[PDB]
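The first sequence begins at 638 in the entry's author numbering and counts up one residue at a time. Idealized CB from N, CA, C, for every residue including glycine. This report concerns only the one structure given below.
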Amino acid sequence: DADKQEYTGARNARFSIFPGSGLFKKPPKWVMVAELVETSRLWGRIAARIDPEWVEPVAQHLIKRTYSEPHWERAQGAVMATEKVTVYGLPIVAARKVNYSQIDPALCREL
RNA sequence: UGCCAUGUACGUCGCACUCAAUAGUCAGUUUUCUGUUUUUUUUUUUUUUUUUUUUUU
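Below is the structure:
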C-alpha cells in the first residue's frame, strides 16, 4: 500500500513481512511470501520481490479479466477495451488497452 | 389808373386711506444587572518491529 507498510494479500486480508527478513526494511511494491501466520497480525515469513508480468502466465486457471470502456477506435477499425487481470481480487494490471473486437465476435460485426 | 353811400358782434378753478391680544386635564409601589484591551504568528511532512510445533524410500 502506498506510503504504508502493509500489504494486501489474498481476498481482503492484509499482512506484513516477518521482521527477521532483510527486505523487511526494504519493502517491494510486489511481494511473494512462503508462510502466512496469524500471531499478532498476519505475517509472511519468507518474502521476495516479484515483477507482475510473471503471474498472468502461471495462473491461467485463476485469472479473472474485466473489460471496461468498450469504444470503437477507427485506426484499427476495431473496438478497444481496458482490461484488468485479477487473482483472488488482486488487481495485477490496473489498466491495459486491448482489442475488445478481437475478444468478442457478436456485437463487433454489427459495429 | 378818378371813385368806393349809412350803422353794424367776445367770456374764471376743486378729492382721499382702512382692522390688536380670550379654559379645562389629579396620580403613577420597591429593587436590579448590563461595560471593556491585551499578547496578536492561528502553523509548518513522514515511515517499515517478531518467532506452537513436528515426521517423509
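message = In the DSSP assignment, the beta strand (DSSP E) including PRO728 goes from what residue to what residue?
response = In the first sequence, counting from the first residue as 1, residue 728 sits at position 91. Following the DSSP letters along the chain, one finds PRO728 inside the beta strand (DSSP E) bounded by residues 727 to 736.
task = Check whether the segment 688 to 707 touches the segment 725 to 732, taking contact to mean three or more Cβ pairs, one atom from each stretch, closer than 8 Å.
result = Taking a cut-off of 8 Å for Cβ pairs, the segment 688 to 707 and the segment 725 to 732 touch, as three or more such pairs fall below it.
inquiry  = If I measure Cβ to Cβ from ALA650 and keep anything under 7 Å in the same chain, skipping five residues before and after, which residues do I get?
reply    = Mapped onto the first sequence, residue 650 falls at position 13. For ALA650, where only same-chain residues beyond five positions count, the Cβ hits under 7 Å are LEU679.
task = Counting only the same chain and skipping the five closest in sequence on each side, list residues whose C-beta sits under 8 Å from that of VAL735.
result = By 1-based counting over the first sequence, the position of residue 735 is 98. The answer, listed in chain order, is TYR704, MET717, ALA718, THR719, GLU720.
query = Of the residues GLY714, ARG733, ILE740, which one's Cα is nearest the Cα of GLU693?
reply = Stepping through the first sequence from its first residue, residue 693 is reached at position 56. Considering only alpha carbons, the answer is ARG733.
task = Along the alpha helix (DSSP H) that carries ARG746, what are the first and last residues, could you check?
result = Within the first sequence, the letter at position 109 stands for residue 746. It spans 743 to 747 - the alpha helix (DSSP H) in which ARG746 sits, taken as one unbroken run.
task = Give the range of the beta strand (DSSP E) segment to which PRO707 is assigned.
result = As a first step, residue 707 is located in the first sequence; it is residue number 70 there, counting from the start. Per DSSP, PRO707 is one residue of the beta strand (DSSP E) stretching across 701 to 710.
message = Rounded to the nearest angstrom, what separates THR645 and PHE652 at their Cα positions?
response = Within the first sequence, residue 645 is the residue found at index 8, counting from 1. Within the first sequence, residue 652 is the residue found at index 15, counting from 1. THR645 and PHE652: Cα-Cα distance of roughly 7 Å.
inquiry  = Which residue marks the beginning of the beta strand (DSSP E) containing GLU675, and which one marks its end?
reply    = Taking the first sequence and counting its residues from 1, the one referred to as residue 675 is at position 38. Taken as a continuous stretch (DSSP letters only), the beta strand (DSSP E) holding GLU675 covers 673 to 675.
ask   = Any idea what DSSP makes of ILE687, helix, strand or coil?
value = Position 50 of the first sequence, counting from 1, holds the residue named residue 687. DSSP places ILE687 in coil when its eight states are reduced to three.
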